[PDB]
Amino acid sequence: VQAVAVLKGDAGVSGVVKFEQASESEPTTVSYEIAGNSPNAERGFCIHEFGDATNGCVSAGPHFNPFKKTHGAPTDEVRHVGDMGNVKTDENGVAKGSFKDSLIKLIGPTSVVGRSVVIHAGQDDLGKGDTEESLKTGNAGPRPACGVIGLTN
């Protein structure tokens, strides 16, 4: 399977995020290319529950979290399925790279197809800040861009 999300908004940020998973027990390879960000920064990157774009990135809902855990880092045992942490932007505001993840899936009951990918205006505190918003969201701030994960070839 292959899925893709075109990130858009009215804040100068835009990008494309690709997903690929061969079989359900296999890890998904997420590849991203995102521009218009603040230079040399770290930005919260995550999958939200709804692929609803009726109201900007707002209608995307909360973090995709079928197992009802607290927000954490991609490498934490306890994290939301949709937690992809922070992407690093370069001298020109571009975030580009890829990684594999064992929780994010395109196949099965927790598939991310039809959900949203969101790029934040701030840095995710990886659930390590010591407030309650930390365990909820990671305090990454506003959602400048987002996109519904659709199927493709």
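Numbering starts at 1 and runs along the sequence shown.
Comparing 6-14 with 141-149, which stretch shows the greater average C-alpha B-factor in the deposited entry?
Comparing 6-14 with 141-149, the higher mean C-alpha B-factor belongs to 6-14.
Per the record, averaged over C-alpha atoms, which has the higher B-factor: 17-25 or 129-137?
For C-alpha atoms only, the mean B-factor is higher in 129-137.
Per the entry's Cα B factor values, which of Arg115, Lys96, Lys105, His63 stands out as the maximum?
In the PDB entry, the greatest C-alpha B-factor among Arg115, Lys96, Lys105, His63 is found at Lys96.
Which of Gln123, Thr110, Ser59, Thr70 ranks first by CA B-factor in the deposited coordinates
Out of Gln123, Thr110, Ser59, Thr70, the record gives the largest C-alpha B-factor to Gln123.
Relative to the other modelled residues of the same chain, rank the CA B-factor of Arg43 and answer lowest, middle or highest third.
Within its chain, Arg43 is a middle-third residue by C-alpha B-factor, going by the deposited values.
When the modelled residues of the chain are sorted by Cα temperature factor, does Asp101 land in the lowest, middle or highest third?
For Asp101, whose C-alpha B-factor we compare with every modelled residue in the chain, the answer is the middle third.
Quick check on the deposited entry: does the C-alpha B-factor of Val87 sit in the lowest, middle or highest third of its chain?
Top third by C-alpha B-factor.
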